[PDB]
Every structure is written in structure tokens, then in C-alpha cells.
Amino acid sequence: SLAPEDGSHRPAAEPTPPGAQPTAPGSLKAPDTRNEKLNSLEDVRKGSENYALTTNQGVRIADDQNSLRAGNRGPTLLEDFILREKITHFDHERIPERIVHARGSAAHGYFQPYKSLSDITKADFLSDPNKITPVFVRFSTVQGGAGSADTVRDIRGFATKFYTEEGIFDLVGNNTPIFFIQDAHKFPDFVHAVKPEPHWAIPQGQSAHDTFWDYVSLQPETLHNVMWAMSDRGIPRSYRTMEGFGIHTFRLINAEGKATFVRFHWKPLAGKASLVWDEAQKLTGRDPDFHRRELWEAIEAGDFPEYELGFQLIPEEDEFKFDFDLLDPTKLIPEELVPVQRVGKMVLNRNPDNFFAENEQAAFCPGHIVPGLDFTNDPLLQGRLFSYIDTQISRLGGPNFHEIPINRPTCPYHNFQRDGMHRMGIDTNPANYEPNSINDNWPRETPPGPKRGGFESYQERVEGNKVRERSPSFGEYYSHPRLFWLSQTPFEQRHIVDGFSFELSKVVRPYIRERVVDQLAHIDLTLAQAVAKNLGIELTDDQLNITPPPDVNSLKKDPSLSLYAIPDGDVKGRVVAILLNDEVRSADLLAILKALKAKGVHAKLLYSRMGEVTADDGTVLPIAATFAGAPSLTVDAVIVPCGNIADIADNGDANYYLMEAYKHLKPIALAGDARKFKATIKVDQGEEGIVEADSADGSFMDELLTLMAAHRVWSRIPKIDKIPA
Amino acid sequence: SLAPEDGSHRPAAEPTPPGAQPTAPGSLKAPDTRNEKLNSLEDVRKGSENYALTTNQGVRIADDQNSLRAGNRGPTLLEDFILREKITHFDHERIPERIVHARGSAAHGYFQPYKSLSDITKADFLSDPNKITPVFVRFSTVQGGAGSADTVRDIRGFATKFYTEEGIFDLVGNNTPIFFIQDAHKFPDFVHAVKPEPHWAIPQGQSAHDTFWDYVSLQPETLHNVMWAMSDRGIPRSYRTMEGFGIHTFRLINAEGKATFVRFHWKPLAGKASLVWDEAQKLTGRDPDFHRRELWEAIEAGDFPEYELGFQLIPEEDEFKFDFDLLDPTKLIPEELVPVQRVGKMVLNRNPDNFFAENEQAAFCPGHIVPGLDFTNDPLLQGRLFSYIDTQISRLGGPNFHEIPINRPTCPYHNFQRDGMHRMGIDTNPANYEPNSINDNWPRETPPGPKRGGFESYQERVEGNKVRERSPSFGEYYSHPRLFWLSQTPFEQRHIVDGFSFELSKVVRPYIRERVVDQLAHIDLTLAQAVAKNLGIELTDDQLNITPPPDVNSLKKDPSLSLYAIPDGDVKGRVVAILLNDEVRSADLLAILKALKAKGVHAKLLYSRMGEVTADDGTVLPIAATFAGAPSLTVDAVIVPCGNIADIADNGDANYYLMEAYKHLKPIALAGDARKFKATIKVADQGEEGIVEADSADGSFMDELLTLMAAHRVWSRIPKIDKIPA
Ligand code: HEM
Ligand code: HEM
């Protein structure tokens, strides 16, 4: 009898925009949204409604408020089995977090290819355009714990579990196309350096400390993935607005046994967008769950995250054609030399029911491949194949982690494997070995073949001695950092300079700072000088004379490496803050919202207090948040309609919201008297990125939506140093 | 060699101010700080200098950069035993974090009593003023994960491990004197409610979501601890600047067998200080490891955290002489009815060497008591006794967690317990059971005695029927929250109203907000009216007519419940930001620093870039951090000296630096042309209380600034920050 009579506790099982309703588990939120993986999970879902509360043994509980005691004011009794089971289960809730990418957010989806790829690979999931494969995707950061913030400067993980007809395929990618290290053997050294320092366990979610920059300074192979990290790539606006990459070269194998080299790409259909550092660092304070929240809400809204799977393809005879080793994971393949051809579409359309059961327990391993794919001798990748199965024995508590429901294949699985902790499968097979006659040798081996064949490795030639030795072909470190750098817009280049500058400023030992700078002189002198000047370091004459590295196969730049050089903006799923007053002009707010709804743009209505305001025309407006409660940090744009502006004109928080939005390069739109706010951000004829008009004209809504399509107002950067926000 | 020639890589083994040197494991940083427990760990401490790099089996590694592979562009081989060992170890580094109080920072220290307490207890470690007991202290939040932020709004844990001669005593406490719930049976319900919500695991380190307040609204026993939480107690300035409480009534037992009732207190020598919320929420962004870092750095500097252990003592016959029940842990004992007798002093004086080894693996339990102490029937505490041992099994991977070194007793430990995962002790006893004749029954039972006796429970009379039932004497929920609210300052009350309003602001279902407000009308109408207004709620005529709850044993208020009502200010260990310019007035700096050193106040010098600047008298000043890099959030005060003020006058980061500190009520001092900054903070020519100003910083200027800091924050300023866009 505790629920409200108006039924305001329950959300609607309808797509609703962010903040409209309580968020719910996905099967309640969207019961009609289905795929084969999600239908297969019905057998393990527990309901709640109209159920007696029980122990795990099915015994109904009379009193869930009290321990059993020898009297009212008595001591608690050992015999209280209901108390102890409840506490015992609570005391054992936690399991070890992932050693890396502990922080992650996940959703169910489906994948479909555009056309049969059966010419280049015999993988069943790429075999036909009508073949629809369920996926589960987890996006993550890298350094921080499960309880760390989302919008840190870090790499992001992009791992995809394809539940195919011929097995699970895990594509375990990152949001940059390279990694920091060449050889798996040094993964703990590099991960120990970026991680919090072992004496005092500081700092969390930050590469900005001494041990990371010490390692980078002594291992220049790192410098290419560090540039990406120090770029706006390091702080994305959303998981929906970043690129995914496989990073390693892998193989495709077709029915003839012909092997094609591949690199995997995810391209975001919503386009690439990133935060700026001041905004990102502050947002870890205002909303540490910002990416996790944004993603759940985009999906509850129907703003389904969409990505296009892309292949970079290289014939086997083309292995040595480039200036870099294809097996080197610190080098990218420029899109200018090898294009991405579109392979398929992935759509994330449903949230999970239980984060711990589905996200936290989900296990990806890049070793999970299917017939039609295969590895290469990329010596980072070779090392990963051992690690992902080893870690699950402790993290998921045994070798039966595949029987945990999220991890189960939809396709059939039968073998002679037996027992292990938390064994779920009860095998009826008389034989637990092959060859056997007592079960006629079932289940049986399948020979390799074009469809439904057994897995067989590509018969790659191996010649050479047993050595622990780095290929000399890997021993070039500066030319790809340089290609990346020259491919960036000038405003991206300052953001990179500022990232290096900020992080190095945090480094306590100055010699570590000086060595990182000396490494930068080897990539480009302009970038190297701009950092030295922010650190009060002066380049020597030797440093000034360092010859630039070769370009990569004759390229001066590649613009596919920039987030913004070629615009790809889509406003659908973006959010505007609307700053109300106590007597809002109804005409302005009516026009504003119908323009946003038309382009799938969301709004939140903000005031100095919660509850309701009334517009000039009597309309009751409910309030989503306070100006302090949902700061500018959390929106793409700000719109102030006309009304009793006097009401908010001297409001400290209302003026700061405009200044915070303005400093962070966001579009700002002012109608009527709202223009008087132009004084707080020191703007009168007006400027690019401030939309102003007598009323929210509809041309006014067109100017604002056009700016939102370009994501930020880069022209504004020269003005923001003056503004104290 | 990879190290610099100059030796700038190694910190000095002598105390230094924060930022002066790189931080170090405590045994490198302070090798001559010792106690019996730090000396006991010497057997497991592992050096690194001048040693061969080896496998765990002690095989020397020749090449630590490469997998073994067939050809230098070849596949990795299974037979590489060195790579697999390194990867495996890495692949298995994490253990589960604690279910609650996962986020924490800890340190070694000692405890000494002021005088022999054998009159009221036979606890050996309280027996003698010369008895020095080593400790390990862990401070924590409650809700957040091990990787969540320090300065969130939350309860803080204050756990103390005493290594006594008669066994380990863990006093496991929180920074408020009550808890949210009465019976341990509902702990999982309350924790599930305050924790991130199960569908999407949002939000981290916050109680500002629907399920916590849904529970608060439907369970009014919660309201007293919610009041402390919504107050500035929820956002302390430092672990050094908060109080500690055991919460439960415990028993002291003396040699004669007399039981005395006790509640435990930790009184901070550095005094009580707290953040403001806007400042604290932002610090979780700018520096989420702020409490952890400050603790480590205070100790590296020599500003030791110090606390006074205090007892509230109730003789057994007074058990019913309060109009609240002593065994209810949502109820507090007012220091006005029962004063805290300061009984001893604890000092935290050494950082650990390895955070995982000592902090993360440290296990505390309220069941770990020693002869001279006993329990009560407090039903929250009764439940705790089961849980602390139970999680330790999964979290530290078996029943041998006491053999993890930081957990080990310094006193002798011998029993018939055998085996278990990772058993370290090799037992030579021919017997693994008693009674035995084969070892002559060693080891042996000890009869209870005044000193070095066996533990025997206090023979408390039990009369009742087996019931799952809540004492009706527990069912009064508003009178302690009222006593707390009346005991606060007007600015403290404003901050509580703001705490409730901001958090209920983030509650999505308005009926939950209406419901929490209805509860506040049962506590106090003024507080209920101010929260409803901030939420656009109108109290009904009914809500307006709700009778206030009665006084607690007729106290009108208790100023011990307030952080600021009585000044306890100590500025030793605080920090000042000094905002530099490219030609600083040396006269201003020379006075600013001389006065801070004298009071033990730290300074970090700040500029628009790193490196150095030169003073007008030719002094080279090293820059500690940028304005952006060390925001106002991280300092107690800001002083701006004279020099070339034009250099930073148009600097947005520098103006905003002063605007943030002003909004957060911090003291600001401006000398000479620095006064030109008064305009950014909208201070008039006439000046205002809380802005120190003079044409040079001569003596009166610093005495004015340091006086403001003793008062911690400028409360008079709260009406003037409405009109600052910061
Ligand atoms: C290009 C290089 C790498 C990429 C792109 C990569 C990618 C990822 C991703 C996306 C995850 C998170 C999966 C999830 O969300 O659950 C992850 C986790 C992990 N990675 Fe990597 N990784 C790389 C290199 C390595 C290496 C060299 C090692 C060790 C040899 C390693 C060991 C692990 C482990 C232990 C986890 C946690 C495993 C688990 O509990 O499931 N990774 N990696
Ligand atoms: C007044 C009430 C309570 C206080 C003051 C309190 C205090 C604490 C503190 C300070 C810690 C952290 C210890 C550390 O740093 O290692 C802790 C941990 C814990 N508490 Fe509580 N607690 C209370 C109630 C409860 C209750 C009722 C339960 C369970 C029924 C409980 C279960 C736990 C558990 C399981 C841990 C984790 C311990 C570990 O993993 O080592 N607590 N508590």
C-alpha cells in the first residue's frame, strides 16, 4: 500500500526523453524490444510483483524489520537463520573488479551487414545481409576503478560480444587506433605506471602523475597513443560520439583458405564530438556517472546509439608495402593509403535489467574468434590471448564463467569439459572423454569447411630462432605522432598542447618534465616549444636542431585523424538547457520546443528552485532541475526565452550558467530581454555563436540548431581567456 | 643510469611541506619513526635497491621487454614461463573491495592513556600512563567504491586497530554519534537504498537519488543520521578535522567485575572544520583524492593527526534515567547530560609502505574486544558482530586473514585452529585438539583475572520470549533530530536546508520529495518551511499544525553538536595559495611567508605557467602549480601580493580564483595594487569584513588574515555571494 495513488512511481514503457521519468530496467522500460540473446535470457529473469518475500530457500518471511532476540531488548540469537542468510549474502556481494577497464557501461543491441562478405571471409555473421546477430556492448575507461568518474582524460574501451550462429566473437577495441606498447610482456609495467602510485594509491582516473610520465619518457613507443590521449580524443562527449578500433591487424579467411589482413573500425553515425578539458574535469565533480547516464537515457529515449563496422583490407602480398610494420600496434594504417569499406550496422536498442548480473559479470576475450577469422603475430595481441581467459578464474570465480547467463552463447555448445566451481550444466553423456565408443564418440569433431566447419588455424609460415628480441621494423616512434599532430585543426593542436602542459605541471620531479619535452622536440618543434613555454622550460640549440621524422608513405597529413576537420555532426539526442523565469513568454517557449522536437533535440527546463512556474499566458511549466542542480556542463546548448528577465537577471547561478556555457564554447541563444545577458559574457552587434532575436523567430531556432550541428563554436577560443569562469 | 645525476628523483628522509618533495613510502620517508608493530612488519618488508630482477621463484630475468617468440616477428611461445608468470600475477591483482567503506585512507600511529583506568576497566592498554599501544587507523566514506571521490556528502568511517598486549582491539566508528538504523536486520535494505541503483548502477558517492530518500521517507528512524549527513558534518575539511564515535553503548569491566556503560569519542586536536557543498562537489572533480592526499601530506610534513579518546560513562543503575533508550543507536547521549572524559591521546605519525598490502588488506571487526570490555544488547551492534568476520572470508580469501601482516597481533596467538587457504603458520603441536594429554593440554585456558586473564562475558540477566520485535522504547524518531537542529548555528542551519533541498532536487518522483518534507514538519517547522520553498512545495494547514517533538531530558540545545558554535580553531596544517606575478614585491612575500611559517601554515605559490619567476629584489621563486592546476578548492585562503599586478589583472583564471574562494567564504588578503581585484568580487572601496587589505602586507595584514583562518570561514559573507556568478 506504499505506492502513490496517481501511479507516479511507475515509469511509462514508452520512449521518453532524458529526465521525463524514472529510468527502469530495459525489459520493463521496453518490453517489446527483442533479439535472440535477450529472448534466451527470459529463463533467468526474476520478477517481483505479487510475490511473497522469502529466503533463498523459498521460505516466506513474516517480519523483515527485526532480528530474533531473547526478549524485546534482548541479545540476538545464533538460531536466526533468516537474519544470517540475509547478512551473509550482503557480506559477499562484491567480486573483484577488472584489473583494467573496471569502469564501464553496457547495452544490448543487434548487428547486420550490408552485404555478404563471403568472398573474403567465411564467418557466418558476415555471410548474409539478412543475418541479424545479437550483441552486448560495454564501453569503459581504462585506469580507474568501477567507482571512478566517466569524463576523465583516459583511453575508452569499445568491446563487442557478437552472439553468432557459429560461436561468440568478442571484438575488444579501444577508441584510438593504436596502443601505448609494442609487446604484451610490458603490459603490467605500463599499466602499473598509469595506475595510482603503489605507496599512497593516488591518483584515480588520471595519467597526470610522475610514474606515468617517467615511463612514457623512457619508452618512446608510447608517444603515439599519448598524443591521442592528450588530444580531445581523450575526453569524448559521449560513447555514441567516439570512434572504435580493433587496433591489431587480424586475418580474414575465406572458403579457399585465402587470408586477408584486416583492421576493424567502428564509425559513430552520430559523429565524433568531444568535451574540452576544463568542462570534462569539472563534470567528474558535477556528474561522475555522466557517460553511463547519457547512454542509458539515449536508449530509453529511442536515440539508439548506431555504429558502422568498417574494414581496412590489405592483401597478404602487400604485407611489407608500408613504411611501418602492420604487426606493430603503435602504428595506425592511414585512411589515405588504405580506406575503410563499410561492412555493417550495429544498433544498441535496450538497456540491461541488472547492471551487476549483465554488465559487471560480462566477460570479453579477444581470443574468442570464429571460423573465418584468425590472429597475426602482432606481439601485443599474441600476449592478450593468454590474459583474458586467465583473469576470469579469479574475477568470475572459476572456469564456468561461460555459464553465467550474459556470457552464454545462443548457438549450441557441447564438449568433454566437466565440473569446476558453480557448475550449472548437468551432462548426461556417458563419456567425459574422446575418443570414446560408449557414446559413439559424440560429441564429434567437424572438419573445416565453408559453412558450419570446425575451426582450423591459417597455416602461416614460421622461420627463425627462439628469441626474446624486438623486431628492428618496430624501432621508429616519432613519425605517427607527427602524422597525427599535422592532421589536427589548429584549435585541436592547442588543446593537445594544453593537455601535455596541464598533466606535466602535475609532475613533481622537473627532470621528468624536461625529458618528456625532449621527446616532443623529436615529433614537432612547434608543439615542443608551446609545451616548454607553459612549463617555463627553454629548448637548447641541440633540441632546436632535431630533424623532423619521415612522413608516413609521403603523407603530409590525413584528416580522418581529426575529430572535426571534416564535419559529421548530427543533433539528434543532444540536450539544451532552457533557463526559465517566473513569467516566461509562452510564444518563445512554444516555438523553441517544436523546433527541437522536430530535430529530435531534448530540452531540460531549469529554474532557481524546483516545482512549477507559470508562463505569461497561464501555462503551468514543471521544473526539471535547478541551475546548480543541472549545470551547463551537462548540456550541449543554452536557450534563454523572454519574460520577466528581471527575475533571474541578478541571479548568481543563472549568470554563471551562461559564462560556464560560453567558456566551454557552447551555442547560446537569447530572445527579447534575454539579450541583456550579453553583458555578463562581455559580448552588442553580437557575435558568431550567440543567437539573438526580438523573439524565438524560427530563423532563430534554425541558427541555433545549425550551430549545434557543428558541436562547438571554435571561432570563440580567442575571447575565452578573458572570461573568469 | 636512468636517474638524474643531481638526485632530484629521491625524496629527503626528513619531514617536508606538501609539494616540496615527491611523496614516498613511509619507511623510506621517515625511517626512524618506529613502534612495536612497525618493527614487527620488518620481517615482510621487501627492498629493491641493487637487486637482480627475478621471477617469483628467484630466477634472474635477462630481458624484461620481450616475449619469447619464434623469429623476431614470430608468434609468442607457450614455453615462455617468465611472461606467463608476470601476466598471471597482474591478471590476479584485485580482490573484492569492502561491501561498504570501500574508499579509505590509512596510517600507523600510537595511543597513550593520561592515567590508569583500572578503576572502571581491566583493559591492559588503559592500565598504565606509560603503556604505548601501536595503532593503524583507516578513515573512509561509506557509499562509494575504492575508486570513488573523497569529498562527497556521506558519513565517514573512523576505524582504529589497537595492538594491545592482551589482544587486538578494533574500535570501529563513524564521524557522527548515531546510525541510520535500529536493527542490523535492515542494514542490507538501507545500504541497497543508499547505493547506486541496481538497473544502471548510478549514482556513485551520492545519496541524492530516489531509492535512498524513498527509504528515508518510509523509515523515520533514519532521520537523525540524515540530519547529521545533510549538515556540514557530511563534508569535512579533513579527517584531521572531524569527530569520531563508537555510536553503541559498550561495557567497561573492571577487576571487581563491575560493569560501567560507555560510549566512545574521538576528539580532534586540530578541531572541527568542514567544506561548503559547492566547494566539496567541485573538489570531487578537481581533486578526487583530496582527503587521502592531505592525510598523507600532513604526516609527511609532521602535522600529525591527533585525537583525544573520550568516554561517556553511565553507571548501570542510570540505564533508564534518560527519556531515550541507551541501546537505541539512532539516539545520542548529550554531552550536556553526560560529559566526555578525555582519557588518552592517539597520534598518527607514519604513512604505510604499500597501500594494497596494508590499507586494502586491513581487516577490522567490532567483535574484536579484549578483557575489560563487553557488549550490550544494542540490536544494531548485535548484528554487526556476525558480519565483520563473514565478509573477511570472501574479501581476504579465507580464514587465515589474521596472518596477513598488517592484521597480525603483536601479542602471542596460539590455538588449535589448523589449515585454511594460504596457511602461513606451521604448527608443531602434536595435538590439534583439546583436551589433550599428548601435549599436556597446551596451549591452555586462562582463568579470568584482573590482569592477563581469560575473556569471560559479563553475566547479564536475560528475561524475555524469543521474538523478532522492536523495543517500543525505540519508536521515537524526531526529538534527537530536533535537538541537533536547535544546537546548530544559523549558517549551519542554512547549510542543512541547502543539503536537503539540493538532494531532494535530484529526486525524480516528486511524491518522494513531498514525503521527506512531511517528515521534516514532524522535526521542525522552520526547517520544513525552508526546504518546501526551495522545492516549490506548499505545507498544508495540517503540516503547519504538527506539534514539535519534546526536548531531550529538557535540553534546549547542546553546542557540542555544532561544528562552529564554540571555536576550537587550529590553523597549523592549513594551506594558503599565493597568486604570483612576473615581478612580485619581495617586501610583501617576505612578510607573508615569515608569518605563515611561525603559525605552521603552508603556502603554494601560483602562476599562469610552471617554472619560476623573479622578484623585484632578484629572488627566483619556483612555481608550485598553475591557477588552474591548484584551484581555490584546495586552499584555506588566498593572499595576493603587490608587484606587476597588470601581468595577471586581465587573467581569467586568476580573477575566477578569487571569485571561487569568495563564494566559498574563504579569507582573502590583497596588498597594494592587488586591491584592484576587489572589483571582480564586487567588494566596495570601503572594504568588507573578511577581505584583508593594505598597501603593503605589514604585520597587521597577516594577523588579520590568520585571525580569519582561525575562524575557518567568513559566515557573515553568505548574504553577499548570491550576486556572484561563480
Ligand atoms: C590494443 C591493446 C588492448 C586493447 C584494445 C584492450 C582492450 C580491452 C578492453 C576493451 C577491455 C575491457 C573489456 C570489458 O569491457 O569487459 C580490456 C580488459 C582487459 N584487458 Fe585489455 N586491451 C589491450 C591490451 C591488453 C593487454 C596487453 C593485456 C594483458 C596482457 C590486457 C589485459 C586485459 C585484462 C586482464 C582485462 C580485464 C579482463 C576481464 O576481466 O575481462 N589487455 N582490454
Ligand atoms: C553504527 C553502525 C556502524 C558503524 C559505525 C560501522 C562502521 C564501519 C566502518 C568504519 C567500516 C570500515 C572498516 C575499515 O576501514 O576496514 C565498516 C565496514 C563494514 N561494515 Fe560497518 N558499521 C556499522 C554498521 C554495520 C552493520 C549493521 C553491518 C552489517 C550488518 C556492517 C557491516 C560492515 C561490513 C561488511 C564492512 C566491511 C568490512 C570488511 O570488509 O572488512 N556495518 N563499518
Side-chain angles (χ1 to χ4, degrees), chain A residues 4 8 22 25 63 66-68 70-76 83 87 90-94 96-97 144-148 185 188 199-204 282 284-285 288-289 296 355 377 382 387 390-391 394 462 464 468-469 471 505 508 511 534-536 610-611 626 629 652 655-656 723-724, chain B residues 4 8 22 25 63 66-68 70-73 75-76 83 87 90-92 94 96 99 144-148 183 185 188 199-204 281-282 284-285 289 296 355 377 382 387 390-391 394 462 464 468-469 471 505 508 511 534-536 609-611 629 652 655-656 722 724-725:
Chain A
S8 59
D63 183 0
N66 293 291
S67 314
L68 176 81
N72 235 15
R73 271 185 104 258
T76 301
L83 169 72
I87 307 310
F90 171 83
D91 291 340
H92 295 290
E93 278 185 11
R94 310 272 177 270
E97 72 180 22
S148 62
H185 179 79
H199 63 301
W200 63 344
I202 293 184
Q204 194 79 210
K282 214 162 165 176
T284 72
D289 297 320
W296 193 276
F355 176 108
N377 296 337
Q382 283 277 310
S387 167
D390 177 45
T391 211
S394 78
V462 178
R468 292 163 168 89
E469 148 190 341
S471 189
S505 286
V508 177
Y511 75 78
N534 291 339
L535 298 168
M610 291 306 283
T626 70
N655 291 262
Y656 187 59
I723 183 163
Chain B
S8 61
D63 187 352
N66 286 288
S67 298
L68 180 52
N72 59 30
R73 288 181 78 256
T76 300
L83 160 83
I87 299 315
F90 167 85
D91 286 340
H92 292 292
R94 314 271 176 270
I99 327 283
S148 69
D183 181 315
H185 183 70
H199 63 297
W200 68 344
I202 270 153
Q204 197 79 216
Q281 196 187 18
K282 232 211 288 200
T284 72
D289 305 284
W296 193 278
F355 179 106
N377 284 344
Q382 283 277 308
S387 169
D390 188 51
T391 49
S394 86
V462 182
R468 285 166 178 90
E469 179 180 321
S471 187
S505 173
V508 167
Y511 75 90
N534 281 344
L535 290 177
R609 59 159 176 72
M610 286 298 278
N655 284 289
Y656 183 78
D722 292 344
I724 291 273

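Letters A, B, ... are given to chains in the order of the sequence lines, protein chains preceding strands, and every chain is numbered from 1.
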Which atoms of B/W296 approach chain A - backbone, side chain, both or neither, heavy atom under 4.5 Å: side chain

Separation between CG of B/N655 and CD1 of A/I723, rounded to the nearest 0.5 Å: 11.0 Å

Which atoms of B/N534 come close to chain A, meaning under 4.5 Å heavy atom to heavy atom: side chain ones, backbone ones, both, or neither? backbone

For B/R609, which residues count as a salt bridge (charged side-chain N to carboxylate O under 4.0 Å, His left out) partner, sequence neighbours excluded? none

For A/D289, what residues pass the salt bridge (charged side-chain N to carboxylate O under 4.0 Å, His left out) criterion, not counting sequence neighbours? A/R103

Of the listed residues (B/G464, B/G652, B/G629), which shares the most heavy-atom pairs with chain A below a 4.5 Å separation? B/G652

Per-residue tally against chain B (heavy atom, under 4.5 Å) across A/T626, A/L535, A/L68 peaks at A/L68

Between B/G611, B/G147, B/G536, B/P25, which shows the greatest number of heavy-atom pairs under 4.5 Å with chain A? B/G147

So does A/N66 get a backbone contact from the side chain of B/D183, meaning a donor-acceptor N/O pair under 3.5 Å? no

Kindly give the heavy-atom pair with the smallest separation between A/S387 and B/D91, and that separation in Å. OG-OD1, 2.7 Å

For the pair B/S471 (side chain) and A/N72 (backbone), establish whether a donor and an acceptor sit closer than 3.5 Å, ignoring hydrogens and angles. no

Distance-minimising heavy-atom pair for B/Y656 and A/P724: CD1-O, 3.3 Å

Supply the atom-to-atom distance A/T76 OG1 to B/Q382 CD, rounded to the nearest 0.5 angstrom. 4.5 Å

Counting heavy-atom pairs under 4.5 Å to chain B, which of A/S394, A/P75, A/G144 comes out on top? A/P75

Would you compute the distance between atom CD1 of A/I87 and atom OG1 of B/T391 and round it to the nearest 0.5 angstrom? 11.5 Å

Minimal non-hydrogen separation, B/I99 against A/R94, with atom names: O-NH2, 3.2 Å

When the 4.5 angstrom heavy-atom criterion is applied to B/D722 and chain A, the contacting part is backbone

Name the option with the most non-hydrogen atom pairs under 4.5 Å to chain A; the candidates are B/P96, B/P203, B/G71. B/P96

Would you say the side chain of A/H92 lies within less than 4.5 Å of the side chain of B/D390, judging by non-hydrogen atoms? yes

Could you tell me which of B/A70, B/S148, B/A146 has the largest number of non-hydrogen atom pairs under 4.5 Å with chain A? B/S148

Does a side-chain heavy-atom distance below 4.5 Å link B/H185 with A/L83? yes

Most contact-rich option vs chain B, by heavy-atom pairs under 4.5 angstrom, among A/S505, A/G145, A/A201, is A/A201

